[PDB]
Every structure is written in structure tokens, then in C-alpha cells.
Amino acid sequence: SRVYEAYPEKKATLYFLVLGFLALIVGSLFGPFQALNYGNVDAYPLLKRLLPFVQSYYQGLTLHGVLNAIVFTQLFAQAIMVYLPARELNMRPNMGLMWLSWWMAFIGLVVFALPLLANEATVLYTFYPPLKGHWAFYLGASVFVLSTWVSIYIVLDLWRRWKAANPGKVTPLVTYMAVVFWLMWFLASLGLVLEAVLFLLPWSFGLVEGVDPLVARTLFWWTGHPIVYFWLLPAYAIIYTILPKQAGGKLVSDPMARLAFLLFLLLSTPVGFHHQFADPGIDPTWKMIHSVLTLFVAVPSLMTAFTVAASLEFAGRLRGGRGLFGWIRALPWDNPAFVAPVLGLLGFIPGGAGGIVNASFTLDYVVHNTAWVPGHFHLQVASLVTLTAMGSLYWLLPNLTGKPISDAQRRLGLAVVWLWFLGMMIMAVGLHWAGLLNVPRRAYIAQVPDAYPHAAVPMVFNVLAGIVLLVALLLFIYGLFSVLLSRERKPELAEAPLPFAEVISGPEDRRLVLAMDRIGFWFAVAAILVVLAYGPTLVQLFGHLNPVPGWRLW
């Protein structure tokens, strides 16, 4: 293919996407079984007949969380947030590095997958000590995540090469998004890298006898919060810069888009004590500080809600929609690339609402470690992020492969997207309601069928969701493979421009865009904020370490 010769970045981008979607398929297989469990129905006997290596509910849950929430999301982020800026700038990524990043992720995955599949690391995707997994789990995971440091280098390189050729020009929008995104991730990632290098790796290798569980969780959640914004922002890049064109309109504000991303750079990392409201040994004053800063990290999404809604409204009016509801009806509801992110955004309304509750310190005692939490995060990552990625396939896949989407494949995609969305909404109802009734998360409750009688009603929603999502998943597998294994190839589809939206420009503040483009400065502010939010606590913890022995309770 002469296309891959001129744009080798298409092939590497394709490899990230396909590996990501494969991980999603494998992790998601466990989903309907888990939803049935939360409906008090035990279908694990059936699962074990189909997949005999599966030893427990909790091994399945480990696979589900790792493959869906760590692997799929990272690989999608590495595809989108390298390829989009590269195409905007019309520049080639360092291809040696791009391929290195892919191989690191692939090898890392293989290495941690072995112990997971062998029942040697049934510790969940948070892997809290003293539960002690096989060394290959921690090593494989470390290599997998470090793949992203290469991606950070790649994009910083593109940006600096472009700035060298264009002195005194402001960073283009998509590239601005990606630069602040990748710099945020670098700062974010240090918690886990520190946790792995200082504690988990030496411990799992048998170099040290124990690990201090409090310091391990604190370092974990330094990364564990911003990682969710790492998952979200690739979807946001698409929603701001591509969706308005798919809708038939334009992005209504470039500056407001940049501002949202800048706030994410500053506020994504210094907030992790909101995962530790119920932990001993962390001062309540510091919990309150993180609670306040978490309420602040909500502001960029509150901003996104308006900027995006106004852009969709503008599109709908351009297409002839009148009145208060006509603009909605006039949008292109026959296009899965439009429909998927929009449905995801609708579910993000209650998803965001639950997040704000979680952040509220004392209110977290009502919901912490209950089913409410999975209800919240399925709305955010399993619906918005995942749907945006599925929809992407209807424009991104042809661009990378030259393979056309037939009218029949388009209609099947609409069905998948709607069932996936609806199943997630139904399950969210079942989980939030069960959570309010004190049903714990991370629990094979179908094996204690008389323990939660008050939850009988929401349990019905969970069974229904498990069924709906099974159907959506089966249709997705069929659909993805029908595209990936189809004969036809139209090279003009691979040579077409990406559907980037035009922007409505106004007198505005060119000064605000200039101010926001002071990236080196904003990165320093972000780093300082982390030092101020984490430093005092971590000094105390490191001076009073109490390592304890590891356990295998599976």
C-alpha cells in the first residue's frame, strides 16, 4: 500500500485501536455475568463450562477491571492523542518511537496476562497490599503503563518541531489539547511509578518482607484519580473537535475548549484523598482540602456541558430545527459516529452528579465501597468513553484502512450503540439504588442470596441490564469483525481528510489564547499544586513506615 508508505502512522494507530478493542471484548465478556450477580442470579457455573481457566468471581472481576479500564482505555488514548495532533499538524510522528510504544504495551500486556489467567494475581485492578500478586503482574503492568511515557515524548517532539517551523504562532487546537493532556499524564503517572518501584516490585520479587498499606494506597491514588481524566480526555478531544462537524455544525468556541483542557492539566492530580475519605492516618484537614479541589476539577466538565450543548444546538438550527426541541430532532440520528458520543454525554449527566456526591467528604460515608460507585463509573467510562470509541470506528476505521462501512453495517452500529447506552442506563439505576441500600461493591452477592432482601427491586434492573448488554456485546463483536475481515478496499477513504470541525471565531481574547499557550509555565503551576497537596502528607507517611506481611487469600 502506497498509503502506508506516505502515512506509516495510520498502521501503528490501527494496531493500538485493534489491540484496545480486543481487550475490551475480552474484559467485557465478564460484564453480563457480573450484572446477573448484582441481580442475585448466579451464572458462574455456565461461565466456567465455557472458560474453564476461570476459577472465581474475583478472578473474573480482576480481568474485567484490568482489560476494560486499564488496557482498552490506555490504548484508545495512545491512538487518538497521537494520531489526531499528527494529522492536524500534517506531520509524521517519530515512527521508531511509535512502534516502540506499541511493542511495550503488547509485551507488558502478555506478561501480566499470564499470571492473571493462571489465577496468580486475583487482587483486582487496584491491587491493594497486603494482597500479594505474582511479580509478573506488577512487572507487566509497569511496562504496559510506561509505554505512555514514549507517547508523551512523541507528541512533545511533534509540537516542538511545529513551533520551530512556525515561530510566533499559537499552538493549533487539537495539538494544544494533546500537549496539556500528555503533560498532565506525566505528572499524574508518578504516584504509581513510585508505588511500583519503591514498594510493589521489590516486595513481589521477595527483596523486602512487607509493604506499608497506607503509603501504597496514597501513592496509588495520586495516579488513580488523574488516570480517569486520562481515559476521558481522548473522548473530549473528539467531542470538541470532530463531533460538531459530524452533527452538521461547528465548534462554537476554541478558547473555551482550550480553557477546559488547561483546568484539567492543573486540577486532575492534587485530589486523590477523595478516594481515601475512609482511610486512617490521613489528616481530616487535608481530606477537606482535596474535597474542595475535587469540586473544582468538576468545573471543566460543567464548562464542557455548555460549550458542547451550544455547538449541537447550533448544528440543529443550521439543519432547520426550530423551537425548544426541534434542534434535537434535526440532528443526524442516522449516523452512529454522531449518535454514540451524544448518548454517552446524556448518561454523563447522572454520572457527573454522582461524582460530585462522592467528592463531598462526609457524604462519601453514605456511598463508599457500595454499588453506588460502579453505578457512577459505568456512566463515565463504560458509557461515555466506550461509546465515543465505538462511534469513532465509523469514521476512524475507514480513514486508517480504506475499508468502507456498508449501509447494513451502519444500521447494525446504530443498534449496538443504542443497546449499549440503554443497558448502561438500566444498570446504573440498579447499582445506584442497590448502593443506597448498603449492598457492597466487589462482592459475589449471588452466593449469599438471602443477605440483601431489601434490594429485591433494583436487583431486577441488574438482571435486565446483564441481558441487554450481552446482546449489545455479541452484536458489537459481529460488527467489528465484519469490518475488520471484509474484502473490499477503497484507498480514497484512507486518503480523505479527517472530519475536523470549523470554529466560530469572534473578537474574543486572543490574549487569553496567548496566556493559555504559556505551556511551560502552566506545567510548573500543575507540578507545584501536587507538591502542596501531597507533600506534607507524604513526608509524614515516609517517616513513619510500618510494612506488613503479604497474603494470598484465593
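When you see a residue number, it is the position in the sequence shown, counting from 1.
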Average Cα temperature factor in the PDB entry - higher stretch of 222-230, 82-90: 82-90
532-540 or 16-24, whichever carries the higher mean Cα B-factor: 532-540
Candidate set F481, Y236, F306, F273 [ranked by C-alpha B-factor, highest]: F481
Highest-ranked of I405, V417, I349, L363 once sorted by CA temperature factor in the record: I405
Among modelled residues of the same chain, the CA temperature factor third for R319: highest
Lowest, middle or highest third - CA B-factor, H376: lowest
Entry-reported Cα temperature factor of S486, expressed as the chain third it lands in: highest
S505 CA temperature factor, ranked by third within the chain: highest
Ranked against its chain, the third holding the CA B-factor of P458: lowest
